[PDB]
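A.B. asks: Below is one structure. I have some questions about it.
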């Protein structure tokens, strides 16, 4: 799945912790099952992107990778 994690959350690569948090909440909610009934897989990708980017060590590895 070659969508980048920043893109998945709809943020720029310079996103602060606050901006990641906001983006994650916005995505999690767009995936309200009342807007997106079949959105389970997409929300796992979103969940995974946030889990990487919100961890300073994992995010450093991710950025180094680029």
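A.B. asks: If you check 58, 21, 26, 35, which single one turns out to be exposed (fewer than 10 other Cβ atoms within 10 Å of the Cβ) and touching a helix residue (DSSP H, G or I) at 6+ places or on another chain (Cβ under 9 Å)?
C.D. replies: On the way: 58 fails: exposed (fewer than 10 other Cβ atoms within 10 Å of the Cβ); 21 fails: exposed (fewer than 10 other Cβ atoms within 10 Å of the Cβ); 26 fails: exposed (fewer than 10 other Cβ atoms within 10 Å of the Cβ).
Matching residue, one of 58, 21, 26, 35: 35.
A.B. asks: Any residue at all in the stretch 11-18 that is part of a helix (DSSP H, G or I), surrounded by 10 or more Cβ atoms within 10 Å (Cβ to Cβ) and out of contact with any strand residue (DSSP E or B) (no Cβ under 8 Å at 6 or more places or on another chain)? I'd like the intermediate steps shown before the answer.
C.D. replies: Looking only at the stretch 11-18, we keep the residues that are part of a helix (DSSP H, G or I), and these are 17-18.
Going one step further and asking which of them are surrounded by 10 or more Cβ atoms within 10 Å (Cβ to Cβ), we end up with 17.
Still in the running and out of contact with any strand residue (DSSP E or B) (no Cβ under 8 Å at 6 or more places or on another chain): 17.
Looking for residues that are part of a helix (DSSP H, G or I), surrounded by 10 or more Cβ atoms within 10 Å (Cβ to Cβ) and out of contact with any strand residue (DSSP E or B) (no Cβ under 8 Å at 6 or more places or on another chain), one finds at least one in the stretch 11-18, hence yes.
A.B. asks: Considering only residues that are free of Cβ contacts under 8 Å to residues at least 24 places away in the same chain and either touching a helix residue (DSSP H, G or I) at 6+ places or on another chain (Cβ under 7 Å) or in a helix (DSSP H, G or I) (or both), which ones fall in the stretch 1-10?
C.D. replies: Going through the stretch 1-10, the residues free of Cβ contacts under 8 Å to residues at least 24 places away in the same chain turn out to be 2, 4, 7, 10.
Scanning the stretch 1-10 gives 7, 10.
A.B. asks: Please work out which residue is nearest to the chain's Cα centre (by Cα), limiting yourself to the stretch 37-66 and to residues that are closer than 18 Å to residue 1 by Cβ and not in a helix (DSSP H, G or I).
C.D. replies: Checked the stretch 37-66; the qualifying residue nearest to the chain's Cα centre (by Cα) is 39.
A.B. asks: Under 8 Å by Cβ, and 6 or more places apart or on different chains, what pairs join a residue from the stretch 37-66 that is touching a residue at least 24 places away in the same chain (Cβ under 8 Å) with one that is part of a helix (DSSP H, G or I) and surrounded by fewer than 12 Cβ atoms within 10 Å (Cβ to Cβ)?
C.D. replies: 54/17
All Cβ positions, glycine included, derive from the backbone under ideal geometry; neighbour counts span all protein chains shown. Readers should treat all values here as calculations from the given coordinates under stated rules, not as data from a laboratory.
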